[PDB]
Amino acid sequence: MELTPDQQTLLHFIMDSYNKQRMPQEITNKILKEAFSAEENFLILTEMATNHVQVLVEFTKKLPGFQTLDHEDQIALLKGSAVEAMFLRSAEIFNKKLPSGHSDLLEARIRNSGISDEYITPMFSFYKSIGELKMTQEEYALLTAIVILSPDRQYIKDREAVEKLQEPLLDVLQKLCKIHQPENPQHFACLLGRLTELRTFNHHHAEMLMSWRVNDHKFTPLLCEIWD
């Protein structure tokens, strides 16, 4: 029925940090000006990807309790959650942050950057599937924190410490569903569906990067070596 004062505090801290994330206008304006070529389209996606990485780290550092974790575990979580958090934020940018005209041109650019349909089709399918949920800013922020604070990432030394940080967030999210959608008890279940849908991108993204060869314009060592 109501969030406890402690849950309200946790939500406020997540919301404040999430609302501060921004994709700069300098990047967004390039979508309407740059040449419509595979090389220029991919350069825009490179700029977006680097902004996604910087935003992910700044959001993560501010997550309540993240600073209390073992330093190596902090890195393991960032590395492990990077793809999922990037795909989740890219869905928010595409569906909510960009005006219709910018999103139509961004899609045009994504589809003409020389990337195989094998990786482009699941991306727009995910954007549509998440778009159906009409997710609030609170749901986007909590889902992002939940993805980042996943205790089953590779090479975490103290998983129980991560579990203690992730569990209050899942509790707040389910309570928010009960408060905002009391007639729809399957709403939290629908949000969980997006978590597993996000997990499938771990392999799709890794296969995508491996499909681009060293001499190709798409090979971007700054981003690709985060996973190599």
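In this text, the rigid core denotes the largest set of C-alpha atoms whose superposition between the two forms falls within 1.5 Å. Just count from 1 along the sequence shown to find any residue number.
Next on the checklist: Which segment is farther from the shown form on average in 9 other deposited structures of this protein after a rigid core fit, 90-98 or 69-77, going by CA atoms?
Outcome noted: Looking at 90-98 versus 69-77 in 9 other deposited structures of this protein, the farther one turns out to be 90-98.
Checklist entry - After a core fit, does 157-165 or 34-42 show the bigger CA gap to the shown form in 9 other deposited structures of this protein? => result When 34-42 and 157-165 are compared in 9 other deposited structures of this protein, 34-42 lies farther out.
Item to check | Selected stretch [higher average CA B-factor]: 80-88 or 120-128 | outcome: Taking the mean C-alpha B-factor of 80-88 and of 120-128, the larger value falls to 120-128.
Next on the checklist: I need to verify one thing: averaged over C-alpha atoms only, is the B-factor higher for 32-40 or for 47-55?
Outcome noted: Looking at the record's C-alpha B-factors, the answer is 32-40.
Item to check | Deposited CA B-factor, highest of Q174, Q181, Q166, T60 | outcome: Across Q174, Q181, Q166, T60, the entry lists the biggest C-alpha B-factor for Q181.
Item to check | Selection from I146, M135, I93, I110 [criterion: highest C-alpha temperature factor in the record] | outcome: The record points to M135.
Next on the checklist: Lowest, middle or highest third: which one holds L106 when the chain's residues are ordered by CA B-factor from the entry?
Outcome noted: Its C-alpha B-factor, which the entry lists for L106, ranks in the lowest third among residues of this chain.
Item to check | Relative C-alpha B-factor of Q74, binned into the chain's lowest, middle or highest third | outcome: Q74: CA B-factor falls in the middle third of its chain.
Checklist entry - Among the modelled residues of its chain, does the C-alpha B-factor of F219 lie in the lowest, middle or highest third? => result Highest third - that is where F219 ends up once the chain's C-alpha B-factors are sorted.
Item to check | Third assignment of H205 from its chain's C-alpha B-factors | outcome: It belongs to the lowest third of the chain when residues are ordered by C-alpha B-factor.
Item to check | Position of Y18 among the chain's modelled residues by C-alpha B-factor, lowest, middle or highest third | outcome: It falls in the middle third of the chain.
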